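Please read the structure below before turning to the comments.
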Amino acid sequence: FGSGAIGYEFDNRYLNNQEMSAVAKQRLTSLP
Amino acid sequence: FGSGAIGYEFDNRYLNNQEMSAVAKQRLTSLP
Amino acid sequence: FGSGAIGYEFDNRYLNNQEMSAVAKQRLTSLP
Amino acid sequence: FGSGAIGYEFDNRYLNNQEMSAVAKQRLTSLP
Amino acid sequence: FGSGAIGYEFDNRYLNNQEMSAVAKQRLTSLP
Amino acid sequence: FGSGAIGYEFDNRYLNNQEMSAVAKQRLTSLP
Amino acid sequence: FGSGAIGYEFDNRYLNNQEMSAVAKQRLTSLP
Amino acid sequence: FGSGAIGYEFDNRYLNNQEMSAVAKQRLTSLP
Amino acid sequence: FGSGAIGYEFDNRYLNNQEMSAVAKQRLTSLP
Amino acid sequence: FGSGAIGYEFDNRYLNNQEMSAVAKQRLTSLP
Amino acid sequence: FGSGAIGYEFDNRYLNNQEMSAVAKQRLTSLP
Amino acid sequence: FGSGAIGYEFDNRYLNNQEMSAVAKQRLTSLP
Amino acid sequence: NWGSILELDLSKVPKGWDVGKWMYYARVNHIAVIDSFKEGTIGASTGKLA
């Protein structure tokens, strides 16, 4: 059948947690 | 058939534990 | 057929052990 | 067919070894 | 059937988060 | 058909080696 | 059926992000 | 059909090599 | 059916990015 | 059909290379 | 059907890149 | 059908590259 | 020409004490009671500040 309001929010939340991991590897380094 | 109150709470809890891992990699670094 | 009291407790215990790994990566860091 | 006293104890033992790995990452850190 | 405006934006967002991980490994090193 | 005395001992030995890996990560740490 | 202008650009973008990871491991080392 | 003297010795040897990896992570640590 | 000018260039580009990762691990070491 | 003199020697060689990796992690440590 | 001059060269190139990774882990160490 | 002179040499070359990785982890350590 | 000037921070002068009477009793006794556990010093002790 079909209804995609919980498939959407779980997929949108998995890409959020994957994006959250990617921005936690960002470093503005502090050697010369 | 269908009933999704335990598929929801287990999927909502897996995205919670994945989010919990992503916020545990966050570091406000402390070199100049 | 169907009976889900051992599928539930094993899935609830796998999300517990996954949550337990996520809270073991948490560090309140101690440099300035 | 069906009999689940060895599927249970092997699944209960896999979640035990997964829990054992999660509690071996726990550290009460010892810097200020 | 077919409709691809949510398959597109989720695939476009997964390649964004994969690109975000790749640019977070870039280092302009600072030894001689 | 069925006979499970070699499926048991190989599954019991895989959970043993997985348990053996989990107890080899245990550390009683020795900083203050 | 067939149309491959979004399968192409997503595959071309995945190989781009994989190439981007490979050039971020390149180091011109600076010991003697 | 069936004959399991080479399936046994290859499975017994894979659990041996997995056990060999587990005992190579064991450390009797030597700080106070 | 068949046409392989985009399967070729994507496979040729994946082996290029895999080769690019392999040459980025090469180190002419600089201790005595 | 069946003939297993090249399936045997490739499986025997994969368990050899897996055993070779396990004995390369063995360390007789040299702190007190 | 069959033609294997592009399956060969892609498989020969994947084993080349896997061999290239293996020779990049080789170290003639330089402590006493 | 069957012909195995290119399946053999690719499998023999994959076990060679896996063996090559295993001998590159071998270290004759040089502390007391 | 003036003498040497000491630069003095008062972050450890204890609670409920004025800088006047605290310095007054240090003239006399040549001892100054301080507080290494003031709320102004929670940063360096907890690892949050330098």
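I'd like the Karplus ³J(HN,Hα) series for segment D:15-21: coefficients 6.51, -1.76, 1.60, θ = phi - 60°, whole numbers in Hz, and an x wherever there's a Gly or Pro.
So the Karplus estimates, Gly and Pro as x, are 6, 5, 5, 6, 5, 5, 6 Hz.
Within 13 Å, Cβ to Cβ, of C:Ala5, how many net charges do the neighbouring residues add up to if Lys/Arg are +1 and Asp/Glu are -1?
Net charge in that neighbourhood comes out at -1.
Using θ = phi - 60° and the Karplus curve 6.51 cos²θ - 1.76 cosθ + 1.60, what whole-Hz ³J(HN,Hα) does each residue of segment E:3-12 get, with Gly and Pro shown as x?
Listing the rounded values in order: 6, x, 9, 10, x, 5, 6, 7, 6, 5 Hz.
Suppose we keep just the alpha-carbon trace of chain M; what are its Rg and Dmax in angstrom?
Rg and Dmax of chain M, Cα atoms, are 13.7, 43 Å.
Assuming 0.692 mPa s and 37 °C, estimate D for the protein assembly as shown with Stokes-Einstein, Rh taken as the Kirkwood radius over Cα pairs, in µm²/s.
In µm²/s, the coefficient is 113.
Grab the other residues whose beta carbon is less than 11 angstrom from that of J:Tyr14, score K and R as +1, D and E as -1, and report the net.
-3
When the Cα centres of segment M:19-50 and chain G are compared, how far apart do they sit, in Å?
59 Å
³J(HN,Hα) across segment M:30-36 via Karplus (A = 6.51, B = -1.76, C = 1.60, θ = phi - 60°), whole Hz, x for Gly/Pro?
Calculated HN-Hα couplings, in order: 6, 10, 10, 6, 10, 9, 7 Hz.
In a shell of Cβ-Cβ distance under 13 Å around M:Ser45, excluding M:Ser45 itself, what net charge do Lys and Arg (+1) and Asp and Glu (-1) give? The partial results should precede the final answer.
On the way: positive: M:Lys12, M:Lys38, M:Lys48; negative: M:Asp35, M:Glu39.
Taking every other residue near M:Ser45 into account, the sum is +1.
Is it possible to state the helix-based mean residue ellipticity at 222 nm for the protein assembly as shown, with each DSSP H run of 4+ residues giving -39500 (n - 2.57), the sum divided by total residues, to the nearest 500 deg cm²/dmol? What is it?
Dividing the helical sum by the residues of the protein assembly as shown leaves -15500 deg cm²/dmol.
Cβ sites come from the backbone with ideal geometry, for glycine too, and all protein chains shown count toward neighbours. No lab work stands behind these numbers, since they all come straight from the coordinates.
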